[PDB]
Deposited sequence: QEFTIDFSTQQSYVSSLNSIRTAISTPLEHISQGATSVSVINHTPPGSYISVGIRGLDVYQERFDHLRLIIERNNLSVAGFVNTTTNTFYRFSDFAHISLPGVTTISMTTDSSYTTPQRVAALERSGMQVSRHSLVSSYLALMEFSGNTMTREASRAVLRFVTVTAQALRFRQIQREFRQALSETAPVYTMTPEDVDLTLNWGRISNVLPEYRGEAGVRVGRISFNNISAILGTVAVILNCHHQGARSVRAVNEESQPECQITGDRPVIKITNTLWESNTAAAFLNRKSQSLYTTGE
């Protein structure tokens, strides 16, 4: 439950992400296409964590090999970050339950929910730029930190490491479009309103995909997947459904040859007659 993410190069990045995925989850029988899969996080009970050290961003040397990220195992949520220099693990308010041995623990005022680091930083994911520079800067932003308050520039630093670790762990789409900023020239990844819409619908996608069976399309919320190789090229690991459920007990409906989240379908099959509006 200690892993690393190697920001040295394009191929060393996905090696890190993959090694963490294989370690954390098992592939789905019906969603494989060339060793790349959609896998579902394993039952682990219940406040289990992983500490993933960030190791790269220096390219030529070996600086910055401090700072590790704590991520709950079932969630892929970030509980907080350790500072391996000062040996202090800064845990978010809503993450009180999970404790790692030895390291000092400073419970903070504010929680991890993206609404919070967006408000108290400045930027919002969507429009947000993440490069190799912005990661070094975001690294130094967390080494200079102490207290239980959460500054503006430390809320920026978590919003960027969240996007490129736990977020890209989840979605192969973020992995691909970000790994660009690692090789020569700093191309600079921009988080598009499309990648952001994927992170909000994570749990919903998770509940649907297990029931897929070569069904051409998949339809969940505002998100569409035209074939098996658009799922595969977007989602990498999903929550375990056995948060997960919004209101239903029916996860899915097969309509024509498309798998709909039954809830998205219900939400446009509950309209009154329509001539009934004339009675206003």
If I number the deposited sequence starting at 1, which residue ranges have no C-alpha coordinates at all?
243-258, 297
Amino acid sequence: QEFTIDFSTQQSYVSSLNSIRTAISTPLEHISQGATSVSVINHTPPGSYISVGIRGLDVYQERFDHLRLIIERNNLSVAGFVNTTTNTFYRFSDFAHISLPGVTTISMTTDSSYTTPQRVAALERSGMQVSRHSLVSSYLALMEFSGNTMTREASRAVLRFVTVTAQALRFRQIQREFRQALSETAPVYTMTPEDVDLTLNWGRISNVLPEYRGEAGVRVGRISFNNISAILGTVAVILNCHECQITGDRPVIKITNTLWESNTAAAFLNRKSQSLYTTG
From here on, numbers count along this sequence of modelled residues.
153-161 versus 193-201 - which carries the larger mean C-alpha B factor in the record
153-161
Comparing 143-151 with 71-79, where is the mean C-alpha B-factor higher?
143-151
Which of 109, 207, 167, 173 ranks first by CA B-factor in the deposited coordinates:
109
For residue 233, return the chain-relative third of its C-alpha B-factor as stated in the PDB record: lowest, middle or highest.
lowest
Within this chain's modelled residues, let me know which third the CA B factor of residue 33 belongs to: lowest, middle or highest.
middle
Using the B-factors in the PDB entry, rank residue 63's C-alpha atom against the chain and give the third, lowest, middle or highest.
highest
Can you tell me which third, lowest, middle or highest, the CA B-factor of residue 245 falls into for its chain?
highest
Please rank the C-alpha B-factors of the chain's modelled residues and tell me whether residue 220 sits in the lowest, middle or highest third.
lowest
